[PDB]
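All letters in the sequence shown, in the order written, are residues 1 to 404, 409 to 543 by the deposited numbering.
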Amino acid sequence: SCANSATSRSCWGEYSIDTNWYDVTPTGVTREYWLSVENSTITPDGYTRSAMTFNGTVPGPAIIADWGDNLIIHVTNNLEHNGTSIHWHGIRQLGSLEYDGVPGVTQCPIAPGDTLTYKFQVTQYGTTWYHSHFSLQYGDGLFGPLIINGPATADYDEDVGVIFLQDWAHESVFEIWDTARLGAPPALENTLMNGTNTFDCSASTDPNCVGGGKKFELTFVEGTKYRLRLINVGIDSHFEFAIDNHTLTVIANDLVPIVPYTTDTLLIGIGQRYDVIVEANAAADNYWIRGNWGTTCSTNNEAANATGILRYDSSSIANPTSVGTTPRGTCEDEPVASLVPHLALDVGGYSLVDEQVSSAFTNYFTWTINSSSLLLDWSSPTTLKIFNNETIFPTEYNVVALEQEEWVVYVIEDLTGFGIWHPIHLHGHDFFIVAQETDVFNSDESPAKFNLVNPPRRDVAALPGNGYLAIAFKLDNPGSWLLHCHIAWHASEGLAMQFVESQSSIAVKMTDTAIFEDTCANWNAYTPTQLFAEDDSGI
Ligand SMILES: *[C@@H]1O[C@H](CO)[C@@H](O[C@@H]2O[C@H](CO)[C@@H](O[C@@H]3O[C@H](CO[C@H]4O[C@H](CO[C@H]5O[C@H](CO)[C@@H](O)[C@H](O)[C@@H]5O[C@H]5O[C@H](CO)[C@@H](O)[C@H](O)[C@@H]5O)[C@@H](O)[C@H](O)[C@@H]4O)[C@@H](O)[C@H](O)[C@@H]3O)[C@H](O)[C@H]2NC(C)=O)[C@H](O)[C@H]1NC(C)=O
Ligand SMILES: *[C@@H]1O[C@H](CO)[C@@H](O[C@@H]2O[C@H](CO)[C@@H](O[C@@H]3O[C@H](CO)[C@@H](O)[C@H](O)[C@@H]3O)[C@H](O)[C@H]2NC(C)=O)[C@H](O)[C@H]1NC(C)=O
Ligand SMILES: *[C@@H]1O[C@H](CO)[C@@H](O)[C@H](O)[C@H]1NC(C)=O
Ligand SMILES: *[C@@H]1O[C@H](CO)[C@@H](O)[C@H](O)[C@H]1NC(C)=O
Ligand SMILES: *[C@@H]1O[C@H](CO)[C@@H](O)[C@H](O)[C@H]1NC(C)=O
Ligand SMILES: *[C@@H]1O[C@H](CO)[C@@H](O)[C@H](O)[C@H]1NC(C)=O
Ligand SMILES: *[C@@H]1O[C@H](CO)[C@@H](O)[C@H](O)[C@H]1NC(C)=O
Ligand SMILES: *[C@H]1O[C@H](CO)[C@@H](O)[C@H](O)[C@@H]1O
Ligand SMILES: [Cu+2]
Ligand SMILES: [Cu+2]
Ligand SMILES: [Cu+2]
Numbered sequence: 001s002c003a004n005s006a007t008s009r010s011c012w013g014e015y016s017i018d019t020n021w022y023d024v025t026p027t028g029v030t031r032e033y034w035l036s037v038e039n040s041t042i043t044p045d046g047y048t049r050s051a052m053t054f055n056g057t058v059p060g061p062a063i064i065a066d067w068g069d070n071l072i073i074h075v076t077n078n079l080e081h082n083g084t085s086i087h088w089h090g091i092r093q094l095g096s097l098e099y100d101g102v103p104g105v106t107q108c109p110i111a112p113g114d115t116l117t118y119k120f121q122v123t124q125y126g127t128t129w130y131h132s133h134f135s136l137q138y139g140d141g142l143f144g145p146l147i148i149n150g151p152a153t154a155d156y157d158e159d160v161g162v163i164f165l166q167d168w169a170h171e172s173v174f175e176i177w178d179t180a181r182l183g184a185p186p187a188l189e190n191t192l193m194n195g196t197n198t199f200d201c202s203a204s205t206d207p208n209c210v211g212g213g214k215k216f217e218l219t220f221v222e223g224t225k226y227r228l229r230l231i232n233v234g235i236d237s238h239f240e241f242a243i244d245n246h247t248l249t250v251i252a253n254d255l256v257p258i259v260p261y262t263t264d265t266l267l268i269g270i271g272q273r274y275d276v277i278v279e280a281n282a283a284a285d286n287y288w289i290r291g292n293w294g295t296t297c298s299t300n301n302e303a304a305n306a307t308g309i310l311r312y313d314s315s316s317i318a319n320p321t322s323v324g325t326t327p328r329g330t331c332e333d334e335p336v337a338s339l340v341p342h343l344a345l346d347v348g349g350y351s352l353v354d355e356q357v358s359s360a361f362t363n364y365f366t367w368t369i370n371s372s373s374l375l376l377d378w379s380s381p382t383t384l385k386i387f388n389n390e391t392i393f394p395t396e397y398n399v400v401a402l403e404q409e410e411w412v413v414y415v416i417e418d419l420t421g422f423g424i425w426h427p428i429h430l431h432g433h434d435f436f437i438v439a440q441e442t443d444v445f446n447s448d449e450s451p452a453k454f455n456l457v458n459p460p461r462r463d464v465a466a467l468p469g470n471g472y473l474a475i476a477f478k479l480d481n482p483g484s485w486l487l488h489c490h491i492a493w494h495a496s497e498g499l500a501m502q503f504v505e506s507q508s509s510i511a512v513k514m515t516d517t518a519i520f521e522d523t524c525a526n527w528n529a530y531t532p533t534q535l536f537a538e539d540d541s542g543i
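Structure, rendered in structure tokens:
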């Protein structure tokens with residue numbers, strides 16, 4: 001045993017960075033939270049607008065726990081005109097499928113005025129976030145940080161916490177979805193760094209453009225090592241995070257600690273997390289913090305202003321004049337060779353499932369996976385179907401059945421022709437990136453080039469534009485697991501499928517069945533007279 005400290009971050013008592021957290025979990029304590037999903041008004045960047053929030057702030061409240069703790073999170077929907085459903089990003093939910101928070105898959109939506117208590121253990125440590133998985137709501141601010149303390153692969157002195165990177169509209173995403181769904185994501189009006197940015201309201205006629213937005217600011221004390229927890233939570237944003245004249249030591253990706261590597265800039269797709277350690281070893285000055293919005297990935301009206309300020313002297317009010325590192329300027333992820341899990345694991349014998357992304361136009365632009373666009377019924381989520389002993393699901397549920409070759413390699417191909425790098429998120433599992441390739445998948449040749457020996461391992465990874473992503477995971481978590489592009493427009497357009505894994509091995513407590521039933525009962529009481537019907541894929 002050793003205690004975690006600034007000079008022994010690898011330690012976690014009897015556990016450590018070498019503990020297999022897929023197999024072993026510390027005993028912790030029960031932590032209880034009450035969250036209210038609210039319809040709010042905020043001014044994050046000098047522009048006043050509506051938001052959908054947890055507890056009236058963007059980001060929502062931090063949920064901070066220790067590895068092994070049991071979370072009880074009472075979520076009350078205080079919106080009037082939407083259901084909601086809260087997902088705990090990257091959280092494995094082993095034995096707690098029904099609290100994954102995917103409406104249409106693991107639950108019915110929480111109706112206005114209802115409460116759903118999510119219960120789960122955190123059997124993972126690091127940086128993640130929680131967010132609505134109900135339509136585009138997280139675009140309107142319905143997300144917050146979820147930090148699980150545990151060991152780390154490099155030493156550091158202070159944890160500064162999360163820095164959210166996002167696009168930010170000056171109106172509700174729900175006002176622009178009808179335009180967006182014609183096929184083209186709109187250029188949004190601004191970006192936020194940890195919930196703030198400047199915006200020039202000086203020439204504006206819009207009463208809501210009140211001005212006074214401020215750059216995100218981060219203060220460093222010289223010689224101190226800081227852990228920063230980077231999350232891209234935009235609707236349709238790509239970042240290449242950098243701090244001028246500072247080196248990032250990358251120590252985790254998503255909820256998987258990695259062998260540390262140094263980089264000047266850090267490519268981050270939507271829903272991806274990185275933990276980096278930054279040593280405040282520069283000349284004391286103000287330095288630009290650069291989101292480096294990927295303009296080739298998607299449009300924004302104020303791409304150049306996706307920045308913040310690092311100060312070594314907090315009393316400085318000067319803008320930085322530092323010179324940035326030339327960004328790679330791509331929509332890629334970090335290179336696979338750089339992302340080596342500290343806890344080394346290999347992909348065993350597998351069955352290969354191949355799926356192909358294309359697009360179509362029905363009522364509006366849709367993405368398809370083997371010709372089918374995901375469209376879920378919020379009143380008949382996949383788990384309800386499973387509880388009713390159904391093994392054949394609607395075509396548009398895009399179900400792939402997995403049954404145990410205890411591993412699956414899932415290859416998703418971009419046949420769309422658009423060359424977009426789609427951040428693909430898999431629920432219920434960390435996956436192994438056996439291939440992430442900019443080329444055409446050849447079912448006879450490509451598999452022999454898969455890396456099965458400790459490849460990158462995480463829960464969000466890019467489908468390369470016009471290429472393929474081959475992700476492996478073990479049949480170790482019975483349930484119904486959504487996989488989707490995390491570009492909110494694309495998710496809403498049906499770029500998604502789901503794995504019904506080991507169906508007959510799913511076990512739910514009567515307590516949790518009653519709860520699920522009750523949520524669906526309340527949802528069904530709501531829908532007859534709702535102001536708004538489902539008008540997207542449901543996820
Ligand atoms: C980007 O922007 C975000 C702001 O949006 C910034 O987030 C900040 O991130 C930092 C670092 O990650 C956080 O600092 C840490 O905060 C920890 C918690 O601090 C607070 O809560 C403590 C616990 O309070 C509960 O427990 C005690 C018993 O121990 C009770 O007395 C108390 O009533 C609470 O009980 C309730 O909750 C527990 C579950 O949590 C239940 O089980 C109970 O039944 C009950 O319902 C409290 O003692 C303390 O005084 C604080 O209120 C702290 O442990 C840690 O050491 C550190 O301070 C910030 O909290 C976070 N700020 C926000 C607003 O989220 C972020 O830093 C920024 N990034 C950058 C780079 O600037
Ligand atoms: C959840 O709640 C939001 C309200 O916060 C609903 O948003 C509304 O969505 C409708 C249907 O897309 C929007 O109507 C469209 O608006 C634009 C407005 O300029 C117009 O071009 C279109 O022809 C159409 O009328 C409406 O703007 C929007 N309302 C707000 C306040 O944003 C959303 O539908 C709800 N979804 C669910 C599933 O309950
Ligand atoms: C969030 O807001 C709700 C409703 O006011 C309140 O009951 C709950 O205690 C709040 N939770 C936090 C974490 O502030
Ligand atoms: C949020 O409140 C606004 C303003 O009252 C209203 O237009 C909107 O429908 C509400 N949205 C939801 C999802 O309840
Ligand atoms: C945005 O950046 C441009 C330079 O890229 C700068 O000239 C302009 O004043 C900035 N706007 C805001 C609101 O900070
Ligand atoms: C999807 O279609 C491709 C091309 O026809 C086929 O090879 C693949 O097996 C299909 N996948 C599934 C799960 O049906
Ligand atoms: C589903 O099958 C199980 C196992 O045979 C049975 O116990 C249960 O009653 C069935 N569920 C429904 C909804 O009929
Ligand atoms: C991560 O590591 C790989 C392999 O060394 C490099 O190629 C990459 O540039 C980054 O440093
Ligand atoms: Cu997510
Ligand atoms: Cu996409
Ligand atoms: Cu998801």
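We treat Cβ as the ideally placed atom computed from N, Cα and C, and that holds for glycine.
Cβ distance (whole Å) where residue i is taken to contact residue j below 8 Å
i: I277; j: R227; result: 6 Å
i: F436; j: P459; result: 5 Å
i: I543; j: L374; result: 7 Å
i: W411; j: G471; result: Contact doesn't hold; Cβ gap of about 22 Å is too wide.
i: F143; j: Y130; result: 7 Å
i: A242; j: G324; result: 6 Å
6 Å CB neighbourhood of residue i in its chain, flanking five on each side removed
i: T27; result: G68
i: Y47; result: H170, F199, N208, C209
i: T368; result: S358, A360
i: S371; result: none
i: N70; result: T30, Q121
i: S338; result: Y261
Check: residue i C-beta below 7 Å from any heavy atom of ligand 7
i: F520; result: no
i: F393; result: no
DSSP three-state assignment for residue i, whether helix, strand or coil
i: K513; result: coil
i: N526; result: helix
i: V37; result: strand
i: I386; result: helix
i: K119; result: strand
i: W88; result: strand
i: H494; result: helix
i: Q137; result: helix
i: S351; result: strand
i: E538; result: coil
i: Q507; result: helix
Cβ-heavy atom distance, residue i to ligand 8, below 7 Å
i: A337; result: yes
i: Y274; result: no
i: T263; result: yes
Own chain residues within Cβ distance below 8 Å of residue i, not counting five before or after
i: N78; result: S36, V37, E38, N39, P112, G113
i: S509; result: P482
Closer than 7 Å: residue i CB and nearest ligand 11 heavy atom
i: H431; result: yes
Own chain, CB closer than 7 Å to residue i, minus 5 neighbours either side, in chain order
i: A284; result: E222, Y312, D313
i: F365; result: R181, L182, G183, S359, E497
i: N4; result: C11, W12, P151
i: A6; result: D155, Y156, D157
heavy atom of ligand 1 below 7 Å from residue i C-beta
i: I147; result: yes
Cβ-heavy atom distance, residue i to ligand 5, below 7 Å
i: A318; result: no
Near ligand 6: residue i beta-carbon under 7 Å from a heavy atom
i: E355; result: yes
i: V400; result: yes
Check: residue i C-beta below 7 Å from any heavy atom of ligand 2
i: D18; result: no
**Prompt:** Taking three-plus beta-carbon pairs below 8 Å as touching, is the segment 41-48 in contact with the segment 109-126?
**Reply:** no
### Task
Count the C-beta pairs between the segment 373-386 and the segment 451-461 that are closer than 8 Å, then say yes if the count reaches three, no if not.
no
- prompt: Does the count of Cβ pairs from the segment 525-534 and the segment 461-479 closer than 8 Å reach three?
  reply: no
Exercise for review: Examine the Cβ distances between the segment 176-196 and the segment 258-276 and report whether three or more of them are shorter than 8 Å.
Suggested key: Not touching, per the Cβ criterion.
- Query: Given 8 Å as the limit, is there contact between the segment 176-193 and the segment 483-503, that is, 3 or more CB pairs closer than that?
  - Reply: yes
Self-check item: the segment 90-99 touching the segment 427-442, judged by at least three CB pairs closer than 8 Å
Solution: yes
Open item on the list: Quick test of the definition: if touching needs 3 or more C-beta pairs under 8 Å, does the segment 98-105 touch the segment 45-61?
Closed with: With the cut-off at 8 Å, the segment 98-105 and the segment 45-61 do not touch.
- Task: Report yes or no: do the segment 386-395 and the segment 332-347 share at least 3 C-beta pairs separated by less than 8 Å?
- Result: no
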